[PDB]
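Below is my_file_25.csv, holding CSV, C-alpha atoms.
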chain,number,residue,atom,x,y,z
C,1047,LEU,CA,233.3,131.1,182.3
C,1048,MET,CA,233.8,128.0,180.1
C,1049,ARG,CA,232.7,125.7,182.9
C,1050,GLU,CA,229.6,127.8,183.5
C,1051,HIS,CA,228.8,127.7,179.7
C,1052,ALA,CA,228.9,123.9,179.6
C,1053,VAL,CA,226.8,123.5,182.8
C,1054,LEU,CA,224.1,126.0,181.5
C,1055,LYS,CA,223.7,124.2,178.1
C,1056,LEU,CA,223.4,120.9,180.0
C,1057,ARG,CA,220.8,122.3,182.4
C,1058,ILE,CA,218.7,123.7,179.6
C,1059,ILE,CA,218.7,120.2,178.1
C,1060,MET,CA,217.7,118.7,181.4
C,1061,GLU,CA,214.7,120.9,182.3
C,1062,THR,CA,213.3,121.1,178.8
C,1063,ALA,CA,212.3,117.5,179.1
C,1064,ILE,CA,210.9,117.7,182.7
C,1065,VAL,CA,208.5,120.3,181.1
C,1066,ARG,CA,207.3,117.8,178.4
C,1067,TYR,CA,207.0,115.0,180.9
C,1068,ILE,CA,204.7,117.2,183.0
C,1069,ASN,CA,202.7,118.0,179.9
C,1070,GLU,CA,202.5,114.3,178.8
C,1071,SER,CA,202.2,112.4,182.1
C,1072,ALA,CA,198.4,111.9,181.6
C,1073,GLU,CA,198.8,110.5,178.1
C,1074,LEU,CA,201.8,108.4,179.3
C,1075,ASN,CA,200.1,106.7,182.3
C,1076,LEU,CA,203.2,105.9,184.4
C,1077,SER,CA,201.3,103.9,187.0
C,1078,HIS,CA,200.5,101.1,184.5
C,1079,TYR,CA,204.1,99.9,184.3
C,1080,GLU,CA,205.9,97.3,186.4
C,1081,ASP,CA,209.3,98.6,187.6
C,1082,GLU,CA,212.1,100.9,186.7
C,1083,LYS,CA,213.2,98.7,183.8
C,1084,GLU,CA,209.9,98.9,181.9
C,1085,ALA,CA,209.5,102.5,182.8
C,1086,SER,CA,213.0,103.4,181.5
C,1087,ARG,CA,212.2,101.4,178.4
C,1088,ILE,CA,208.9,103.1,177.8
C,1089,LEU,CA,210.6,106.5,178.4
C,1090,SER,CA,213.4,105.7,176.0
C,1091,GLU,CA,210.9,105.2,173.2
C,1092,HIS,CA,209.2,108.6,173.4
C,1093,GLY,CA,212.2,110.7,172.8
C,1094,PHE,CA,213.5,111.5,176.3
C,1095,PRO,CA,217.2,112.0,176.6
C,1096,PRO,CA,219.2,109.9,179.0
C,1097,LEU,CA,221.0,112.2,181.5
C,1098,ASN,CA,223.2,112.0,184.5
C,1099,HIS,CA,221.2,113.9,187.2
C,1100,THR,CA,223.9,114.0,189.9
C,1101,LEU,CA,226.6,115.6,187.7
C,1102,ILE,CA,224.1,118.2,186.4
C,1103,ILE,CA,222.7,119.2,189.8
C,1104,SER,CA,226.1,119.1,191.6
C,1105,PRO,CA,229.1,119.3,189.4
C,1106,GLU,CA,231.5,119.4,192.4
C,1107,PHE,CA,235.0,119.3,190.9
C,1108,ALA,CA,234.4,117.9,187.5
C,1109,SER,CA,236.6,119.2,184.7
C,1110,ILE,CA,234.9,120.1,181.4
C,1111,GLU,CA,236.0,116.9,179.6
C,1112,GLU,CA,234.7,114.9,182.6
C,1113,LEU,CA,231.5,117.0,182.5
C,1114,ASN,CA,230.7,116.4,178.9
C,1115,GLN,CA,232.1,112.8,178.9
C,1116,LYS,CA,229.9,111.2,181.6
C,1117,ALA,CA,226.8,113.4,181.2
C,1118,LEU,CA,225.0,111.6,178.4
C,1119,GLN,CA,225.7,108.2,180.0
C,1120,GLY,CA,223.1,107.9,182.6
C,1121,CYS,CA,219.4,107.0,183.0
C,1122,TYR,CA,216.0,108.5,183.7
C,1123,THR,CA,216.4,109.3,187.4
C,1124,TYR,CA,216.0,113.0,186.7
C,1125,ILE,CA,212.4,112.4,185.6
C,1126,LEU,CA,211.5,109.6,188.1
C,1127,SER,CA,212.2,111.4,191.3
C,1128,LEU,CA,209.7,114.1,190.4
C,1129,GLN,CA,207.3,114.8,193.3
C,1130,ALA,CA,203.6,115.1,192.7
C,1131,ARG,CA,203.9,118.5,194.3
C,1132,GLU,CA,205.5,119.8,191.1
C,1133,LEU,CA,203.0,118.5,188.5
C,1134,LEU,CA,200.9,121.6,189.1
C,1135,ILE,CA,200.4,124.6,186.8
C,1136,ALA,CA,202.2,127.2,189.0
C,1137,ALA,CA,205.2,124.8,189.0
C,1138,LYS,CA,205.0,124.8,185.2
C,1139,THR,CA,205.1,128.6,185.1
C,1140,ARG,CA,208.0,128.6,187.5
C,1141,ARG,CA,210.1,126.1,185.5
C,1142,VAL,CA,209.4,127.8,182.2
C,1143,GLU,CA,210.5,131.2,183.6
C,1144,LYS,CA,213.6,129.7,185.1
C,1145,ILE,CA,214.5,128.1,181.8
C,1146,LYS,CA,214.1,131.5,180.2
C,1147,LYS,CA,216.5,133.0,182.8
C,1148,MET,CA,219.0,130.2,182.2
C,1149,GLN,CA,219.1,130.7,178.5
C,1150,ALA,CA,219.4,134.5,178.9
C,1151,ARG,CA,222.3,133.8,181.3
C,1152,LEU,CA,223.8,131.5,178.6
C,1153,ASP,CA,223.7,134.3,176.1
C,1154,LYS,CA,225.4,136.6,178.6
C,1155,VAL,CA,228.1,134.0,179.3
C,1156,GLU,CA,228.9,133.4,175.6
C,1157,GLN,CA,229.0,137.2,175.2
C,1158,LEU,CA,231.4,137.5,178.1
C,1159,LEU,CA,233.8,134.9,176.6
C,1160,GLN,CA,234.9,137.3,173.8
C,1161,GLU,CA,235.6,140.7,175.3
C,1162,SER,CA,238.8,142.9,175.4
C,1163,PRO,CA,241.6,142.6,176.5
C,1164,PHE,CA,240.8,139.0,177.7
C,1165,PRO,CA,237.7,137.0,178.5
C,1166,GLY,CA,236.1,138.0,181.8
C,1167,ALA,CA,237.4,141.5,182.1
C,1168,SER,CA,234.3,143.3,183.5
C,1169,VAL,CA,233.4,140.7,186.2
C,1170,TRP,CA,236.9,141.2,187.6
C,1171,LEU,CA,236.4,145.0,187.8
C,1172,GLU,CA,233.1,144.4,189.6
C,1173,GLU,CA,234.8,142.2,192.1
C,1174,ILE,CA,237.5,144.8,192.6
C,1175,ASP,CA,234.8,147.3,193.6
C,1176,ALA,CA,233.1,144.7,195.9
C,1177,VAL,CA,236.4,143.9,197.7
C,1178,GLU,CA,237.1,147.6,198.0
C,1179,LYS,CA,233.7,148.4,199.7
C,1180,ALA,CA,234.1,145.4,202.0
C,1181,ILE,CA,237.5,146.5,203.1
C,1182,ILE,CA,236.2,150.1,203.7
C,1183,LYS,CA,233.3,148.7,205.8
C,1184,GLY,CA,235.7,146.6,207.8
C,1185,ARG,CA,238.1,149.4,208.4
C,1186,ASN,CA,235.3,151.6,209.7
C,1187,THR,CA,233.8,149.0,212.1
C,1188,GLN,CA,237.2,148.2,213.8
C,1189,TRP,CA,237.0,144.9,211.8
C,1190,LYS,CA,233.9,143.9,213.7
C,1191,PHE,CA,231.5,144.2,210.7
C,1192,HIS,CA,228.6,145.5,212.8
J,1047,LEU,CA,205.7,100.4,224.0
J,1048,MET,CA,203.0,103.0,224.3
J,1049,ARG,CA,204.9,105.3,221.9
J,1050,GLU,CA,205.5,102.4,219.4
J,1051,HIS,CA,201.8,101.5,219.4
J,1052,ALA,CA,200.8,105.1,218.7
J,1053,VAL,CA,203.3,105.6,215.9
J,1054,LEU,CA,202.3,102.3,214.2
J,1055,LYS,CA,198.6,103.2,214.2
J,1056,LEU,CA,199.4,106.6,212.8
J,1057,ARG,CA,201.7,105.2,210.0
J,1058,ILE,CA,199.0,102.6,209.0
J,1059,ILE,CA,196.6,105.6,208.6
J,1060,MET,CA,199.2,107.5,206.6
J,1061,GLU,CA,200.1,104.8,204.0
J,1062,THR,CA,196.5,103.6,203.5
J,1063,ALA,CA,195.8,106.8,201.8
J,1064,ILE,CA,199.0,106.9,199.6
J,1065,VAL,CA,198.3,103.5,198.2
J,1066,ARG,CA,194.8,104.4,197.1
J,1067,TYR,CA,196.1,107.7,195.7
J,1068,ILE,CA,198.4,105.7,193.5
J,1069,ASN,CA,195.4,103.6,192.5
J,1070,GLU,CA,193.3,106.7,191.8
J,1071,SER,CA,195.7,109.4,190.6
J,1072,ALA,CA,195.7,108.1,187.0
J,1073,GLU,CA,192.2,109.5,186.6
J,1074,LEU,CA,192.3,112.1,189.4
J,1075,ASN,CA,194.8,113.9,187.0
J,1076,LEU,CA,196.5,116.3,189.3
J,1077,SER,CA,198.6,117.6,186.4
J,1078,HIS,CA,195.4,119.6,185.3
J,1079,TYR,CA,195.2,121.8,188.3
J,1080,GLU,CA,196.7,125.3,188.7
J,1081,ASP,CA,198.5,125.3,192.1
J,1082,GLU,CA,198.7,123.4,195.3
J,1083,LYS,CA,195.7,125.0,197.0
J,1084,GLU,CA,193.3,123.8,194.3
J,1085,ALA,CA,195.0,120.4,194.6
J,1086,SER,CA,194.6,120.3,198.4
J,1087,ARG,CA,190.9,121.3,197.9
J,1088,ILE,CA,190.2,118.5,195.4
J,1089,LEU,CA,192.2,116.0,197.6
J,1090,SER,CA,190.1,116.9,200.6
J,1091,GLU,CA,186.9,116.6,198.5
J,1092,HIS,CA,187.6,112.9,198.0
J,1093,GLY,CA,188.3,111.8,201.6
J,1094,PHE,CA,192.0,112.0,202.0
J,1095,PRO,CA,193.1,112.7,205.6
J,1096,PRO,CA,195.1,115.8,206.4
J,1097,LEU,CA,198.3,114.6,208.1
J,1098,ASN,CA,201.5,116.1,209.6
J,1099,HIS,CA,204.0,114.2,207.5
J,1100,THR,CA,207.2,115.6,209.1
J,1101,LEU,CA,206.1,114.2,212.5
J,1102,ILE,CA,204.5,110.9,211.6
J,1103,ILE,CA,207.7,109.8,209.7
J,1104,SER,CA,210.1,111.2,212.3
J,1105,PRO,CA,208.9,111.4,215.9
J,1106,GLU,CA,212.0,112.7,217.6
J,1107,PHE,CA,211.2,114.1,221.1
J,1108,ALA,CA,207.4,114.2,220.9
J,1109,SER,CA,205.5,112.8,223.8
J,1110,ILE,CA,202.4,110.7,223.1
J,1111,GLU,CA,200.0,113.6,224.0
J,1112,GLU,CA,201.6,115.9,221.4
J,1113,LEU,CA,201.9,112.9,219.1
J,1114,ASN,CA,198.1,112.3,218.9
J,1115,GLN,CA,197.4,116.0,219.5
J,1116,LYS,CA,199.0,117.8,216.5
J,1117,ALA,CA,199.6,115.1,213.9
J,1118,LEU,CA,196.1,114.7,212.4
J,1119,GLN,CA,196.1,118.5,211.9
J,1120,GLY,CA,198.6,119.0,209.1
J,1121,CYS,CA,198.2,119.2,205.3
J,1122,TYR,CA,198.6,117.1,202.1
J,1123,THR,CA,202.4,117.3,201.9
J,1124,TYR,CA,202.6,113.5,202.3
J,1125,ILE,CA,200.7,113.0,199.1
J,1126,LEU,CA,201.9,115.9,197.0
J,1127,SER,CA,205.6,115.3,197.5
J,1128,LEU,CA,205.6,111.8,195.9
J,1129,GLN,CA,208.2,111.2,193.2
J,1130,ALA,CA,207.1,109.7,189.9
J,1131,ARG,CA,209.4,106.7,190.6
J,1132,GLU,CA,206.8,105.7,193.3
J,1133,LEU,CA,203.9,105.3,190.8
J,1134,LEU,CA,205.2,102.0,189.4
J,1135,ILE,CA,203.7,98.5,190.1
J,1136,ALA,CA,206.7,97.2,192.1
J,1137,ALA,CA,206.5,100.2,194.5
J,1138,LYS,CA,202.8,99.5,195.0
J,1139,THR,CA,203.6,95.9,195.8
J,1140,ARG,CA,206.3,96.9,198.3
J,1141,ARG,CA,204.0,99.4,200.0
J,1142,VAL,CA,201.3,96.7,200.3
J,1143,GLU,CA,203.7,94.2,202.0
J,1144,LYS,CA,205.1,97.0,204.2
J,1145,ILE,CA,201.5,97.7,205.3
J,1146,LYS,CA,201.2,94.0,206.1
J,1147,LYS,CA,204.4,94.0,208.2
J,1148,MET,CA,203.3,97.1,210.1
J,1149,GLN,CA,199.9,95.5,210.8
J,1150,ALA,CA,201.6,92.3,212.1
J,1151,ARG,CA,203.9,94.5,214.3
J,1152,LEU,CA,200.9,96.4,215.7
J,1153,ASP,CA,199.4,93.1,216.6
J,1154,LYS,CA,202.6,92.0,218.4
J,1155,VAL,CA,202.8,95.3,220.2
J,1156,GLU,CA,199.3,95.1,221.6
J,1157,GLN,CA,199.9,91.4,222.4
J,1158,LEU,CA,203.0,92.2,224.6
J,1159,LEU,CA,201.6,95.3,226.2
J,1160,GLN,CA,199.4,93.0,228.4
J,1161,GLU,CA,201.9,90.4,229.5
J,1162,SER,CA,202.8,89.4,233.1
J,1163,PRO,CA,204.3,90.6,235.4
J,1164,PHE,CA,204.7,94.0,233.8
J,1165,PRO,CA,204.5,95.2,230.1
J,1166,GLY,CA,207.6,94.4,228.2
J,1167,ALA,CA,208.9,91.5,230.2
J,1168,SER,CA,210.3,89.3,227.5
J,1169,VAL,CA,212.0,92.2,225.6
J,1170,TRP,CA,214.1,93.0,228.7
J,1171,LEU,CA,215.2,89.3,228.9
J,1172,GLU,CA,216.3,89.5,225.3
J,1173,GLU,CA,218.3,92.6,225.9
J,1174,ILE,CA,219.9,90.9,229.0
J,1175,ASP,CA,221.0,88.1,226.6
J,1176,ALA,CA,222.4,90.5,224.0
J,1177,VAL,CA,224.4,92.6,226.6
J,1178,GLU,CA,225.8,89.4,228.1
J,1179,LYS,CA,227.1,88.0,224.9
J,1180,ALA,CA,228.5,91.4,223.9
J,1181,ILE,CA,230.4,91.5,227.2
J,1182,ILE,CA,231.7,88.0,226.6
J,1183,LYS,CA,232.8,88.9,223.0
J,1184,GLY,CA,234.5,92.0,224.3
J,1185,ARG,CA,236.4,90.1,227.1
J,1186,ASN,CA,237.7,87.6,224.6
J,1187,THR,CA,239.3,90.2,222.3
J,1188,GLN,CA,241.0,92.3,225.1
J,1189,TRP,CA,238.3,94.9,224.6
J,1190,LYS,CA,239.2,95.5,220.9
J,1191,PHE,CA,236.2,93.7,219.2
J,1192,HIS,CA,238.1,92.1,216.4
Can you turn what I pasted into structure tokens?
Amino acid sequence: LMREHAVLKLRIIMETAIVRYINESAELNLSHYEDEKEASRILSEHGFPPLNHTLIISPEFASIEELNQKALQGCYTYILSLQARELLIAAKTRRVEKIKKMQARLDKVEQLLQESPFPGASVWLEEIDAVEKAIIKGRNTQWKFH
Amino acid sequence: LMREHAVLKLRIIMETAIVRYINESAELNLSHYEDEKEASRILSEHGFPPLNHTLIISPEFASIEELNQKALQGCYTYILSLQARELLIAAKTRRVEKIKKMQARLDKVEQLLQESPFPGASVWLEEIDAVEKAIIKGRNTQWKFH
């Protein structure tokens, strides 16, 4: 639950700059610039946060100190591998609603970190019920799971 | 050689739409449109060719009839799935020189399709030479290739 909390804050931070780059790409005129150096320089001046895109998309085995220690130490690769497919308005609606779902999930996570008698006590009851119904289904199908 | 000639012509056709889209997308302003159907409509209303991008860039086991039969009958995925990294000036320069290299290679392919005695007569001499020196270098190292 603590790892999920850190990753959700960092993903909110990532996608609520993709949204403003999509909104300001016409005023920004990215085609005018020479290479990745000048583009990263002109993106650092307009208030875009440097991020580590690989650790945010795939945090494989990173502990939480590793995850908040090398996250803000990257570049603008998150914003520069955007396809022109996703500069469209339905893509904007899709990203805004998934940001809303992520922050609702973040509120749910930080509410789950407090409950009695220890944090994460309802999720484990749900998983007990899921394991029980999978065992019952397996015992009925002669462990063939038809 | 017939397969290579066909794929080179089709890839010249594919990239000499992407380069002028990079030249004209600053004022085409695809960020203004709602979804990808309106975008595909307004891209087809300015003369961009519909292409099958997943078979131009990777012809695996397609014969030349089903290469020139179903590849000009695709969509605008080649042009809508461009990253914003691609819109810089150095990437334009690299695509221009890559178009030049493919044009030179297409000229070489049509030049050595017509040679005597049969098409591809010097290429097989070169492969004779490469196999012979690889056999020598394998015999010198007790077939361990140090």
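Taking all atoms listed in the file into account, chain J lies nearest to C:1131 out of the set C:1106, C:1073, C:1131, C:1163.
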Superposed chain J (ref. Chain C, all C-alpha pairs in order) as a compact mmCIF listing (two decimals) with C-alpha atoms, in the coordinates of the input:
# COMPACT_ATOMS: atom_id res chain seq x y z
CA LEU J 1047 233.41 130.93 182.26
CA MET J 1048 234.02 127.84 180.21
CA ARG J 1049 232.63 125.65 183.03
CA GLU J 1050 229.55 127.96 183.47
CA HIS J 1051 228.78 127.81 179.75
CA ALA J 1052 228.94 124.01 179.74
CA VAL J 1053 226.77 123.58 182.82
CA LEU J 1054 224.12 126.02 181.48
CA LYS J 1055 223.83 124.18 178.16
CA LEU J 1056 223.53 120.90 179.97
CA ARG J 1057 220.82 122.19 182.43
CA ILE J 1058 218.77 123.67 179.48
CA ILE J 1059 218.86 120.13 177.95
CA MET J 1060 217.85 118.60 181.27
CA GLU J 1061 214.77 120.78 182.06
CA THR J 1062 213.45 120.82 178.47
CA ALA J 1063 212.60 117.25 178.87
CA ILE J 1064 211.00 117.52 182.39
CA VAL J 1065 208.64 120.20 181.26
CA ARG J 1066 207.34 118.16 178.35
CA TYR J 1067 207.09 115.11 180.62
CA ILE J 1068 204.78 117.10 182.82
CA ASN J 1069 202.83 118.03 179.70
CA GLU J 1070 202.70 114.41 178.54
CA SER J 1071 202.64 112.25 181.67
CA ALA J 1072 198.86 112.65 182.13
CA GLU J 1073 198.35 110.31 179.19
CA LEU J 1074 201.74 108.54 179.29
CA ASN J 1075 200.30 106.98 182.57
CA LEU J 1076 203.39 105.71 184.25
CA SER J 1077 201.28 104.40 187.14
CA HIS J 1078 200.32 101.42 184.77
CA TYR J 1079 203.74 99.99 184.44
CA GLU J 1080 205.29 97.21 186.57
CA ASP J 1081 208.78 98.46 187.58
CA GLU J 1082 211.34 101.02 186.68
CA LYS J 1083 212.96 99.10 183.83
CA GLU J 1084 209.72 98.96 181.84
CA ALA J 1085 209.33 102.67 182.63
CA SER J 1086 212.86 103.52 181.44
CA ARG J 1087 212.13 101.47 178.25
CA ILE J 1088 208.89 103.34 177.47
CA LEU J 1089 210.59 106.72 178.36
CA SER J 1090 213.39 105.99 175.94
CA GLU J 1091 210.85 104.94 173.26
CA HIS J 1092 209.47 108.47 173.21
CA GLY J 1093 212.69 110.51 172.88
CA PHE J 1094 213.66 111.41 176.37
CA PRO J 1095 217.43 111.86 176.82
CA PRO J 1096 219.32 109.68 179.26
CA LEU J 1097 221.08 112.05 181.68
CA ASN J 1098 223.37 111.84 184.75
CA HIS J 1099 221.21 113.82 187.15
CA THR J 1100 223.58 113.73 190.18
CA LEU J 1101 226.27 115.52 188.11
CA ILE J 1102 224.29 117.97 186.04
CA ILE J 1103 222.64 119.43 189.23
CA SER J 1104 225.84 119.35 191.29
CA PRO J 1105 229.15 119.66 189.45
CA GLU J 1106 231.57 119.66 192.34
CA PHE J 1107 235.16 118.93 191.16
CA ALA J 1108 234.46 117.77 187.61
CA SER J 1109 236.56 119.22 184.88
CA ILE J 1110 234.88 120.20 181.61
CA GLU J 1111 236.18 117.04 179.78
CA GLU J 1112 234.56 114.73 182.36
CA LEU J 1113 231.60 117.10 182.45
CA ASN J 1114 230.70 116.59 178.74
CA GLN J 1115 232.18 113.08 178.77
CA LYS J 1116 230.04 111.14 181.32
CA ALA J 1117 226.92 113.24 181.83
CA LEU J 1118 224.88 112.34 178.72
CA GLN J 1119 225.44 108.67 179.67
CA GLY J 1120 223.27 108.24 182.74
CA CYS J 1121 219.65 107.08 183.20
CA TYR J 1122 216.09 108.43 183.77
CA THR J 1123 216.50 109.22 187.48
CA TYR J 1124 215.87 112.92 186.74
CA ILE J 1125 212.42 112.15 185.48
CA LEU J 1126 211.38 109.28 187.70
CA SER J 1127 212.23 110.95 190.99
CA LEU J 1128 209.75 113.87 190.54
CA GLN J 1129 207.39 114.52 193.44
CA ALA J 1130 203.69 114.88 192.74
CA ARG J 1131 203.87 118.46 194.12
CA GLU J 1132 205.79 119.31 190.86
CA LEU J 1133 202.89 118.34 188.53
CA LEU J 1134 200.85 121.46 189.32
CA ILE J 1135 200.35 124.49 186.96
CA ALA J 1136 202.33 126.97 189.11
CA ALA J 1137 205.40 124.65 189.10
CA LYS J 1138 205.16 124.43 185.31
CA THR J 1139 205.05 128.19 185.10
CA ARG J 1140 208.09 128.55 187.38
CA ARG J 1141 210.06 125.97 185.40
CA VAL J 1142 209.22 127.84 182.16
CA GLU J 1143 210.51 131.21 183.53
CA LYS J 1144 213.56 129.47 185.04
CA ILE J 1145 214.28 128.09 181.54
CA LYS J 1146 214.00 131.66 180.26
CA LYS J 1147 216.45 132.99 182.87
CA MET J 1148 218.95 130.23 182.12
CA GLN J 1149 218.69 130.97 178.38
CA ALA J 1150 219.30 134.72 179.02
CA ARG J 1151 222.32 133.77 181.24
CA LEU J 1152 223.74 131.51 178.52
CA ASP J 1153 223.49 134.40 176.17
CA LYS J 1154 225.36 136.69 178.59
CA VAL J 1155 228.00 134.07 179.15
CA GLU J 1156 228.77 133.63 175.48
CA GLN J 1157 228.62 137.44 175.06
CA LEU J 1158 231.37 138.02 177.73
CA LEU J 1159 233.53 135.10 176.76
CA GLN J 1160 234.69 137.16 173.70
CA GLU J 1161 235.39 140.52 175.27
CA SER J 1162 238.67 142.51 175.16
CA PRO J 1163 241.40 142.31 176.38
CA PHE J 1164 240.86 138.88 177.85
CA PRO J 1165 237.64 136.86 178.69
CA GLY J 1166 236.05 138.01 181.86
CA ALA J 1167 237.36 141.53 182.04
CA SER J 1168 234.39 143.35 183.44
CA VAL J 1169 233.61 140.67 186.10
CA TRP J 1170 237.08 141.18 187.63
CA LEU J 1171 236.43 144.99 187.81
CA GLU J 1172 233.21 144.28 189.65
CA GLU J 1173 234.91 142.05 192.13
CA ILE J 1174 237.63 144.78 192.63
CA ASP J 1175 234.74 147.15 193.55
CA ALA J 1176 233.12 144.69 195.96
CA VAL J 1177 236.45 143.85 197.79
CA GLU J 1178 237.21 147.56 198.10
CA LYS J 1179 233.98 148.50 199.69
CA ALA J 1180 234.15 145.47 201.99
CA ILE J 1181 237.59 146.63 203.14
CA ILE J 1182 236.25 150.12 203.72
CA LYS J 1183 233.23 148.76 205.71
CA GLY J 1184 235.55 146.61 207.75
CA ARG J 1185 237.97 149.53 208.56
CA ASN J 1186 235.10 151.65 209.76
CA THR J 1187 233.85 149.13 212.34
CA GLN J 1188 237.33 148.26 213.85
CA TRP J 1189 237.17 144.98 211.96
CA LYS J 1190 233.94 143.82 213.72
CA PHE J 1191 231.40 144.32 210.81
CA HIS J 1192 228.58 145.69 212.84
- Select, from C:1136, C:1126, C:1167, C:1182, the residue with the minimum atom-to-atom distance to residue 1081 (chain C), counting only C-alpha atoms. C:1126
Using all atoms listed in the file, find which residues of chain J lie within 9 Å of chain C and jot them down as a short mmCIF file (atom, residue, chain, number, x, y, z; two decimals) with C-alpha atoms, keeping the file's coordinate frame.
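Written out: part36.cif:
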data_model
loop_
_atom_site.label_atom_id
_atom_site.label_comp_id
_atom_site.auth_asym_id
_atom_site.auth_seq_id
_atom_site.Cartn_x
_atom_site.Cartn_y
_atom_site.Cartn_z
CA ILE J 1068 198.40 105.70 193.50
CA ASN J 1069 195.40 103.60 192.50
CA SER J 1071 195.70 109.40 190.60
CA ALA J 1072 195.70 108.10 187.00
CA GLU J 1073 192.20 109.50 186.60
CA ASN J 1075 194.80 113.90 187.00
CA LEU J 1076 196.50 116.30 189.30
CA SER J 1077 198.60 117.60 186.40
CA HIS J 1078 195.40 119.60 185.30
CA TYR J 1079 195.20 121.80 188.30
CA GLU J 1080 196.70 125.30 188.70
CA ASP J 1081 198.50 125.30 192.10
CA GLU J 1082 198.70 123.40 195.30
CA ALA J 1085 195.00 120.40 194.60
CA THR J 1123 202.40 117.30 201.90
CA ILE J 1125 200.70 113.00 199.10
CA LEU J 1126 201.90 115.90 197.00
CA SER J 1127 205.60 115.30 197.50
CA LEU J 1128 205.60 111.80 195.90
CA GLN J 1129 208.20 111.20 193.20
CA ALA J 1130 207.10 109.70 189.90
CA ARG J 1131 209.40 106.70 190.60
CA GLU J 1132 206.80 105.70 193.30
CA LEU J 1133 203.90 105.30 190.80
CA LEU J 1134 205.20 102.00 189.40
CA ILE J 1135 203.70 98.50 190.10
CA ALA J 1136 206.70 97.20 192.10
CA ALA J 1137 206.50 100.20 194.50
#
- Item | Top pick for closest residue to residue 1113 (chain J), considering J:1053, J:1058, J:1063, J:1089 and counting all atoms listed in the file | J:1053
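For the pair CA of residue 1049 (chain J) and CA of residue 1172 (chain J), the separation is 19.8 Å.
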- Identify, on the basis of all atoms listed in the file, every residue whose closest approach to residue 1059 (chain J) does not exceed 10 Å; exclude the query and any residue fewer than 4 positions from it along the same chain; express the result as a ChimeraX atom specification. /J:1053-1055,1063-1064,1095,1097,1102,1118,1145
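Atom to atom, CA of residue 1164 (chain J) and CA of residue 1177 (chain J) stand 21.0 Å apart.
By all atoms listed in the file, and with residues fewer than 3 positions from residue 1120 (chain C) along its chain excluded, the set lying at most 9 Å from it is residues 1096, 1097, 1098, 1099, 1116, 1117 and 1123 of chain C.
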- Query: Which residues, written as a ChimeraX atom specification, have at least one atom at most 8 Å from residue 1052 (chain J), with all atoms listed in the file counted and residues fewer than 4 positions away on the same chain left out?
  - Reply: /J:1048,1056,1110,1113-1114
- Task: Rounded to one decimal place, report the CA of residue 1147 (chain C)-CA of residue 1101 (chain C) distance in Å.
- Result: 20.7 Å
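The shortest atom-to-atom distance to residue 1152 (chain C), with all atoms listed in the file taken into account, belongs to C:1047 out of C:1047, C:1060, C:1103, C:1180.
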